[PDB]
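Enquirer: Quick check, what structure comes out for this input:
(one chain, ligands or ions: 1)
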Amino acid sequence: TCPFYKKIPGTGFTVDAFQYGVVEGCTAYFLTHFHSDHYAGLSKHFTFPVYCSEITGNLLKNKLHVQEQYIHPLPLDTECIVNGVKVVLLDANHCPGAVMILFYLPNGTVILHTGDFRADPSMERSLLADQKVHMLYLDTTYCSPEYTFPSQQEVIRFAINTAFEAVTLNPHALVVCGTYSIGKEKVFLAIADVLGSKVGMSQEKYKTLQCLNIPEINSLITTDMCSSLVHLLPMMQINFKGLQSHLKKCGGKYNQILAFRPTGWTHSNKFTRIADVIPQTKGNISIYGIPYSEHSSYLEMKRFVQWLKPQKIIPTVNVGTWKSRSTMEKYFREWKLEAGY
Ligand code: NI
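Expert: Numbers count the residues shown, from 1 in each chain. The relevant structure is shown in the block below.
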């Protein structure tokens, strides 16, 4: 049964609620982004209207084979009417095609559902600036002050400078980057750009990337692994055994691997600066875990909420334990007392 925090009161609507069967009273199913914990349940047999971004609707049609007649893509930053209710989709600064949803209820209540997001001051000048928001359905993934990480730009700087150094010292080194979902494409695209290579990958991953409207993409990716010196592999293969095996397959073209695992947060964050990150090494294989996050840090989240000043917060992440829930509620009250709303 669908949990309460996936239901939008005063509407026929649900958000990211595809694994519960037919939800009683739901006239339109919204999908914030194409990550499996959120789309779980969709397939070619789904026959209700699904509302989403253009990019998400490309992925629904091509990857999950949802039929066209049930996909309702909406433009961003544009007032639209759905089953009699005004909605707006906003960029969530998450993965490609990920949105936040503003709902303008018939009784005057305004609700923001962030989906998954990485808060940013740029959001303070979107259409959110223009009216009051009463209820916030909030991505609370890293809602605790231990969760600090660097900007995306600092992390990409580290990665480019590390890859360029290694390959210039050894033109026979291969770079490998791990992936298991869409998101974080900047990691592998920025490294391939500095090296003058295309990124090589499986046919299944190339297909996914071709749904993303990324400019000039035919220029940056390929299925011809032999012509590429940056390869993408499944995240599970980014270990010494998996990498040794891959290196065997390249037929003596390469004699070293430098590999990257873009994790979110790891407790190496609580002690070490990005400048100071070091790899794990075995023989001619090195693996770097880099803290490239597509969710808000604690401070980014706090800033967003203290700017928005909502009347009520509904967490959508870490809701399964009483300790988590009590922790989050304590921080929400601190924020409200410090800011004065
Ligand atoms: Ni996500």
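
Enquirer: quick one: the helices in the chain?
Expert: Using DSSP state H, the helices of the chain run over 36-39, 54-63, 152-169, 185-195, 203-210, 240-249, 298-308, 322-339.

Enquirer: The ion is nearest to which of these?
Expert: With respect to the ion, and counting by Cβ to the ion, the nearest of the helices of the chain is helix 36-39 at 6.4 Å. The way it works is simple: take the backbone N, C-alpha and C, and place the C-beta from them, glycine included.

Enquirer: re the thing from before, and of the helices of the chain, who's closest to residue 111?
Expert: Ranking the helices of the chain by their distance to residue 111 (criterion: Cβ to Cβ) puts helix 298-308 first, at 12.0 Å.

Enquirer: Quick check: which helices or strands does the closest one pack against?
Expert: Counting contacts by 3 or more Cβ pairs under 8 Å, 6 or more residues apart in numbering; DSSP states H and E, helix 298-308 packs against strand 135-138, helix 322-339.

Enquirer: what about stretch 18-36, start to end distance?
Expert: By Cα to Cα, to the nearest Å, the extent of stretch 18-36 from end to end equals 11 Å.

Enquirer: Enumerate the residues of the chain near the ion.
Expert: Neighbours of the ion within the chain, by Cβ under 5 Å from the ion: 35, 116.

Enquirer: Which segments of the chain make up each domain?
Expert: 1-147+296-341, 148-295 (curated CATH domains).

Enquirer: what's the first-to-last distance across the last one?
Expert: Across domain 148-295, the straight-line distance between its terminal residues is 11 Å, by Cα to Cα.

Enquirer: do the same with stretch 112-124
Expert: Start to finish, the residues bounding stretch 112-124 are 13 Å apart (Cα to Cα).

Enquirer: isn't residue 126 right up against residue 90?
Expert: Yes. Between residue 126 and residue 90 there is a contact at 5.5 Å, judged by Cβ atoms under 8 Å.

Enquirer: Report the set of residues contacting both of these two.
Expert: Here residue 126 and residue 90 have residue 77 as joint contacts, going by Cβ atoms under 8 Å, 6 or more residues apart in numbering.

Enquirer: ok, whatever residue of the stretch 101-250 of the chain ends up closest to the ion - contacts?
Expert: Among the residues of the stretch 101-250 of the chain, residue 116 lies nearest to the ion; the distance is 3.6 Å by Cβ to the ion. Applying Cβ under 8 Å, 6+ apart, one finds that residue 116 lies in contact with 32, 33, 35, 38, 92, 94, 95, 98, 139, 141, 294, 295.

Enquirer: how does it look with 7 Å?
Expert: Residues counted as contacts of residue 116 (Cβ atoms under 7 Å, 6 or more residues apart in numbering) are 32, 33, 35, 92, 94, 98, 139, 295.

Enquirer: follow-up on the earlier one: looking at residue 126 and residue 90, which one has more neighbours?
Expert: Each of residue 126 and residue 90 has its neighbours counted (other Cβ atoms under 10 Å); residue 90 has more, 19 against 16.

Enquirer: where do the strands sit along the stretch 51-200 of the chain?
Expert: Here the stretch 51-200 of the chain has its strands, by DSSP state E, counting those that start in this stretch, at 71-74, 80-82, 85-91, 99-104, 110-113, 135-138, 173-179, 199-200.

Enquirer: Tell me which other helices or strands the last one touches.
Expert: Which is strand 199-200. Judged by 3 or more Cβ pairs under 7 Å, 6 or more residues apart in numbering; DSSP states H and E, the packing partners of strand 199-200 are helix 185-195, strand 230-234.

Enquirer: Tabulate the ones you listed (a markdown table), appending distance to residue 78 and mean neighbour count.
Expert: Listed next are the helices and strands packed on strand 199-200 as a markdown table, based on distance: least, Cβ to Cβ, whole Å; neighbours: other Cβ atoms under 10 Å:
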| stretch | distance to residue 78 | mean neighbour count |
| --- | --- | --- |
| helix 185-195 | 25 | 20 |
| strand 230-234 | 34 | 20 |
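
Enquirer: can I get the ones you listed in a markdown table with distance to residue 42?
Expert: As requested, the helices and strands packed on strand 199-200 are arranged in a markdown table below (distance: least, Cβ to Cβ, whole Å):
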| stretch | distance to residue 42 |
| --- | --- |
| helix 185-195 | 22 |
| strand 230-234 | 22 |
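
Enquirer: mind checking which of those is nearest residue 171?
Expert: Among the helices and strands packed on strand 199-200, if distance is taken as Cβ to Cβ, the winner is helix 185-195, at 10.1 Å.

Enquirer: which residues are contacting that closest one?
Expert: 152, 156, 159-160, 163-164, 167, 175, 177, 198-199, 214, 220, 229-230, 232, 260, 262, 292.

Enquirer: again, only using 8 Å
Expert: By Cβ under 8 Å, 6+ apart, the surrounding residues in contact with helix 185-195 are 96, 152, 156, 159-160, 163-164, 167, 175, 177, 179, 198-199, 209, 212, 214, 220, 228-230, 232, 260, 262, 290, 292.

Enquirer: Show the buried residues in those.
Expert: 96, 152, 156, 159-160, 163, 167, 175, 177, 179, 198-199, 209, 212, 220, 228-230, 232, 260, 262, 290, 292 (16 or more other Cβ atoms under 10 Å).
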